[PDB]
There are 4 protein chains.
Amino acid sequence: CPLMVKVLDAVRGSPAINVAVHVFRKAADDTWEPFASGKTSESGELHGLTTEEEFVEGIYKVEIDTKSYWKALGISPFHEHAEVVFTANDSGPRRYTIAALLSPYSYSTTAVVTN
Amino acid sequence: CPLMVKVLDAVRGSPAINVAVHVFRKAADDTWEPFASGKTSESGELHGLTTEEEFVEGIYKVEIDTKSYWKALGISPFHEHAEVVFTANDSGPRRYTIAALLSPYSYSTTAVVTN
Amino acid sequence: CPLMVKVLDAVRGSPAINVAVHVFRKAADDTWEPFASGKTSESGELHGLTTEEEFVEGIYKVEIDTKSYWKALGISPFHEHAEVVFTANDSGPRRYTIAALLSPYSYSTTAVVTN
Amino acid sequence: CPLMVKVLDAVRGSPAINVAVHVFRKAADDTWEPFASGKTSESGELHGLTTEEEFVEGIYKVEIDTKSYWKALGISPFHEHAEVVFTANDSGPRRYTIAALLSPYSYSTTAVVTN
Ligand SMILES: O=C(O)CCNC(=O)c1cc(-c2ccc(F)cc2F)cc(I)c1O
Ligand SMILES: O=C(O)CCNC(=O)c1cc(-c2ccc(F)cc2F)cc(I)c1O
C-alpha cells in the first residue's frame, strides 16, 4: 500500500479507532475530487485506500474526522477535522504514511515517506 | 483581537517570520469565502485579522502557507500548507489564539481560547 | 529575562496554570543542582527565573510537574513530569523560551531562542 | 515485548535510524539504575529492551540521544536528549510503546499503552 493513515489518541494513550478518513485529489478544474475513504481499525491504522496504479502524481488532501471521534467520547473539541494537504509522487512513486496524534484542542501530524 | 495566529519554526528555534496566512469563512453553499489574511511579524504573530463585530459564530479555516516558507529556507517540505478548521462559538471562548509549530515534514497546531 | 517557560493545556485549550517548574544546572560531579523554580501564572508563563548574570553557559534541566497538574483535573496521566535538557550558549541566542504543550499521554516541547 | 521505542525524523520525514536509547529504573535508594539500552533500527524502532519478567513495576526513564543523532547530520540541536519518565506496570503488566518525533529545536513524545 502506497498510502496509509495512522491516528493516535493523546488523552487515552491508545490508537484512535473507528476514525473516518476521506481523501481527495485536486482535479484539472482546480476542485477537490473524492479519491478514497475508510475508517481506522483497532490498531488506529487505515490501509487499502489505494493502489500504486491509481495513486498517480497529484495534490492530495487527507481529511481526518476528529470532531466525530471526540464527540462520541463526550468531548467537545476545537477542530472540525485535521487536514493534511501534500503533493505526492512528483519524483516517482513513494510510500506515504500520514500520522495524526489527537488531543481535544490540538493535533500533531507527520509523514514518513519511503522509496 | 478576537483572533490571533502564531507560527513557530522547529528547525531554527525561532518565530516563523513573513509567513502568509489566509482565513476563510464557510458560506451557505459550503464554499470557503475569503475572510482575512496577512503575513506573520518578526515575532511570528499576526494580529488585527478581524474585529469582535465581524467575527461571528461560524466555521472558519486558517491556511498557513508553510510550503513557501520552507522553500525560501531551502528545505524540501511535505505539506502544501497547514490548515486549521474550527467552529467559533460565543458560549465563553472570547479570544482565540491559533498556534502552529512547523517542521518540514510535520506540524503541531493548538488553540488557546481564553475569557 | 534570559529564560522564560510557558506551559499550555491541549485538553482544555488553555494556559496550564499553577504548574510547578524546577530548573537545575549540571554540576562538576554530574549531579543536578537546584537552580530556579516557580509556578506558572494565569497566562501559563513563568518569568523571572534567573538573571543574565546568573545564567551562564552550562547544561540546564527544566522539569515541568505535569503529573500533579493532570491529577488535579482528574485525568490519568502517563508521565511523571516533562523534562527539557539543553546547553545554554552565549554565541547568539540571548533569550530562551521553553514551551510545553501538554496532553495526558503526550507532550510537545519547543525552544524559541531570539536575539 | 512489553517495551518498544520508536523514533521519527520530522525534517526528513523518515524513521530516525541508529539513535541511541538508554533506559533506567528508579531504585530503592532513589537513584537511576541502568535497566536496558539499544539503538533504533532502519525502521526507527527498538525492540527487545526487556522481558515481561524483568519489566516489573517501577518508575522508568527512557533517554533518547537526540543530540548525537542531529550532530551526525550536521545540525546543532537545542536539546541534549529527549527524556520520557513514567510509572510502569502499577496496575499489572502492560505493553508500552514510547514514540518521539524529532526536530532540531523541538520534539513531541507520546505513549501507546495496551493490555
Ligand atoms: O499565549 C498563549 O497562551 C497562546 C499563544 N501561544 C501559543 O499558543 C504557543 C504555542 C506553542 C506551541 C505550539 C505547538 C506545540 F507542539 C508546542 C508549543 F509549545 C509555543 C509557544 I512560545 C506559544 O506561545
Ligand atoms: O511507523 C512508521 O514509521 C510510520 C507510521 N507511524 C507514525 O508515523 C507514528 C507517529 C507517531 C507520532 C505522531 C505525531 C507526534 F507528535 C508524535 C508521534 F510520536 C507515533 C507513532 I506509535 C507512530 O507510529
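First listed ligand is number 1; within each ligand, the first listed atom is number 1. Sequence lines set the chain letters: A, B, ... in the order given, protein chains first and strands last, and positions in each chain run from 1.
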ask   = List by chain and number: which residues place a heavy atom under 4.0 Å from ligand 2?
value = A:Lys6, A:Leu8, A:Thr97, A:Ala99, A:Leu101, A:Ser108, A:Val112, D:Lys6, D:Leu8, D:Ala99, D:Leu101, D:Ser108, D:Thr110
remark   = Residues pairing under salt bridge (charged side-chain N to carboxylate O under 4.0 Å, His left out) where one sits in residues 77-103 of chain B, two or more places apart or in two chains, turn out to be B:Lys67-B:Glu80
task = Mind running side-chain hydrogen bond (donor to acceptor under 3.5 Å, both in side chains) on A:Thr51 and A:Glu54 for me, showing each step along the way?
result = CA-CA 5 Å; A:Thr51 64; A:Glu54 289 161 328; 3.2 Å; yes
request  = Side-chain contact test, heavy atoms from C-beta onward, threshold under 4.5 Å: evaluate it for D:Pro77 versus D:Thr66 and give yes or no.
outcome  = no
request  = Could you tell me which residues satisfy ring-ring contact (aromatic ring centres under 6.0 Å, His included) with A:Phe86, sequence neighbours excluded, listed by chain and number?
outcome  = A:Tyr96, B:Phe78
Pair A:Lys61 + A:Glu63: basic N to acidic O under 4.0 Å = no
Hey, can you pull the donor-acceptor pairs under 3.5 Å for the side chains in residues 6-17 of chain B, sequence neighbours left out?
unit_1, atom_1, unit_2, atom_2, d
B:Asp9, OD1, B:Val11, N, 2.8
B:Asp9, OD1, B:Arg12, N, 2.8
B:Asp9, OD2, B:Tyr69, OH, 2.5

